[PDB]
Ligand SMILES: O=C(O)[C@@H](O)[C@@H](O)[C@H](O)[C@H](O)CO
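In the block that follows, a single chain appears as structure tokens, in the form deposited without this ligand.
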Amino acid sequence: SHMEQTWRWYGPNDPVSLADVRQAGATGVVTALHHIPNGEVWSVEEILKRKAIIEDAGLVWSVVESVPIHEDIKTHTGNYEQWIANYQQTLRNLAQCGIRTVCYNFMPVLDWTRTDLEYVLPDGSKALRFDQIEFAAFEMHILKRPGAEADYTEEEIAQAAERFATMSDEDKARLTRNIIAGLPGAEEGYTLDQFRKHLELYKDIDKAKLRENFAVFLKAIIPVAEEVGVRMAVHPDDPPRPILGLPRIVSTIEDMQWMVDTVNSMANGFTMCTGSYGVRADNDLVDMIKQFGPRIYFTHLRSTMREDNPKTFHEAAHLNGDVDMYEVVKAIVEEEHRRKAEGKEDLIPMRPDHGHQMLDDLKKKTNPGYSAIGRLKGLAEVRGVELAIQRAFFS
């Protein structure tokens, strides 16, 4: 109702139109210049072009998701210094164009990851799924990573071998593409061989080293963001665990603390993605929001559901997953009101993030799962929750 409601739109080629976005009840658009090569400067011309198209539809461009971080920066090799300078200039250009919140991530090699993009739920809608056994089967029988076995239980290893033996040729190829070709919003994509040799760049990069590399990026980027009035909002790892023998360092409350300890500036902030942090039961989403609320500049309000094997999860309906959406939204609302009591008024933009593929969208080739109807539904659900919290607690 007064909640800042935003919606990820991929641009002119997105099958979801800006008219769909408005009718969904979003007033803001989340987007990026996906056609601009990784690490290159986003020009004022290109930024203003996307901005104009959005304003044309009676919308505003609210949040950038994402400005991609080149792999050279993550490995601290090659042309990292130039890429950093370009990132800095991109932020200057964005700010000069009046776009002041930037979502980004530091997931190395792979971005957000699923094994199944067409998982049929009991109601017939399709969800995204990370099947731990499918993922083990890929790692040990397709990628054949030495020695991936350490990441798994004896039971999971046995189940993987069995799942792999039931897979058709096409099952194996589709599983592979699902994991490495890049899901919607990802700025990296690989063939199996490209992927395998890219992994080698990380043989001596452990959690501590990757943090060092991230610190270099942050200490260079944040003062620029602060100088120009842009706020940075880091997106968590998805899933928030170390996969493929690579570290993942934006997964827990300790990682959040590490980022604040590393760069104190308030320009160094967070995207509270409840779908990603909520994958693992030991993340206390409400406490995360209570402790880091002043630095939360963007939220993704969706839910996953852990299955019998707690590392297996699929995307749930927004109000029916592991995320206690009531408590999460209450905490966000409480944070917005404490800003207002500090004499400010600084709303936290949200987007529904992912939705199930349902109704008319089932007959379509969609961006997984950035179909419109399921995301409209999640947005409507959270809108209702937030409105009632506002009235129950802040009227």
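All residue numbers refer to positions in the sequence shown, first residue = 1.
- Look over 256 to 264 and 233 to 241 in the entry and identify the one with the greater average Cα temperature factor. The entry gives the higher C-alpha B-factor average to 256 to 264.
- Query: If you average the Cα B factors in the entry, which is higher, 116 to 124 or 97 to 105?
  - Reply: It is 97 to 105 that shows the higher mean C-alpha B-factor.
- Per the entry, which of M288, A148, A181, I296 tops the list for Cα B factor? Result of the comparison over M288, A148, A181, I296: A148.
- Message: Highest recorded C-alpha temperature factor, please, choosing from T312, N320, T75, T176.
- Response: Within the set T312, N320, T75, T176, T75 shows the top C-alpha B-factor.
- Item | CA B-factor ranking of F195, expressed as a third of its chain | Its C-alpha B-factor, which the entry lists for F195, ranks in the highest third among residues of this chain.
- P223 - which third its CA temperature factor falls in, relative to the rest of the chain: Ranked within chain, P223 CA B lands in the highest tercile.
- Can you work out whether the C-alpha temperature factor of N283 puts it in the lowest, middle or highest third of the chain? Its C-alpha B-factor belongs to the middle third of this chain's values.
- Message: Considering every modelled residue of the chain and its Cα B-factor in the PDB entry, is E334 in the lowest, middle or highest third?
- Response: Tercile = middle for this residue's CA B-factor.
- Message: What third of the chain does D131 rank in for C-alpha temperature factor, lowest, middle or highest?
- Response: It belongs to the lowest third of the chain when residues are ordered by C-alpha B-factor.
What comes next is about the form solved in complex with this ligand, which does not appear here.
- Query: Does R302 reach this ligand in the deposited complex, with heavy atoms at most 4.5 Å apart?
  - Reply: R302: contacts this ligand in the deposited complex.
- Examine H356 and determine whether its closest non-hydrogen atom to this ligand in the deposited complex is within 4.5 angstroms. No, no contact at 4.5 Å.
- Is there a heavy atom of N367 lying 4.5 Å or less from a heavy atom of this ligand in the deposited complex? So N367 does not count as contacting this ligand.
- Item | Touches this ligand in the deposited complex: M107 (any heavy atom, 4.5 Å) | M107: yes, in contact with this ligand in the deposited complex.
- Query: If you check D111, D255, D151, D72 against this ligand in the deposited complex, which one has a heavy atom within 4.5 Å?
  - Reply: Result of the distance check: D111.
- Consider the chain as shown here, without its partner, and state which of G293, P240, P184, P247 has a heavy atom within 4.5 Å of this ligand in the deposited complex. Looking at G293, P240, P184, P247 one by one, just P184 meets the 4.5 Å heavy-atom criterion.
- Task: From the candidate stretches 346 to 354, 359 to 367, 328 to 336, 36 to 44, select the single one in contact with this ligand in the deposited complex, where contact means a heavy atom within 4.5 Å.
- Result: Single hit among the candidates: 346 to 354.
- Message: For this ligand, considered in the deposited complex: do all three of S66, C273 and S276 come within 4.5 Å of it, counting heavy atoms only?
- Response: All three within 4.5 Å in the deposited complex.
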